[PDB]
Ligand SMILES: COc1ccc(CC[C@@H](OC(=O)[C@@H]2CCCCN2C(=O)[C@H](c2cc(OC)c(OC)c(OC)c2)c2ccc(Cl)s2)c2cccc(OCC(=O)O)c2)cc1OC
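To begin, one chain is listed below as structure tokens, in the form solved without the ligand.
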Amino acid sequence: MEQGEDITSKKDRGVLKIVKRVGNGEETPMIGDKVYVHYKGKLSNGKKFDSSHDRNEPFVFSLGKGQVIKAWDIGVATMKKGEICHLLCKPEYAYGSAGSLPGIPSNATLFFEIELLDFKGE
């Protein structure tokens, strides 16, 4: 039984996490860390709207700086190196009413698969 963990501060089930592969040790990235991920995102219809693998390149960002949707700044901060999770993201924690068009509609829930490849201090 794989139940989603609500990892929001407001506990409004806006970001739900399920671990699919356990990572190494207990360390998680800190705000400001450079993080390296592979990911896939699907819309509710099951079609991919995004994927780093489809670009053949890991995605890199600084954690906690708003360089990614809120759901990722929250979610990746909970991941161990080597961890794979699924992350369900309500639009309020993603692209909201604006969307990111044309690929991500307004008011869309996003369904991610994320692998935390590595992270390091700023």
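Numbering starts at 1 and follows the sequence shown.
Quick note: we don't show the form solved in complex with the ligand, though the next part is all about it.
**Prompt:** Given that the ligand is left out here, which of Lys90, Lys81, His86, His53 has a heavy atom within 4.5 Å of it in the deposited complex?
**Reply:** Selected option: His53.
Q. Though only this chain appears here, would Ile104 touch the ligand in the deposited complex if you measure heavy atom gaps against 4.5 Å?
A. Yes - in the deposited complex, heavy atoms of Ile104 and the ligand come within 4.5 Å of each other.
Can you tell me which residues in 31-56 come within 4.5 angstroms of the ligand in the deposited complex, by heavy atoms? Residues within 4.5 Å: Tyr39, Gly41, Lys42, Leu43, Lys48, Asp50, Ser52, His53.
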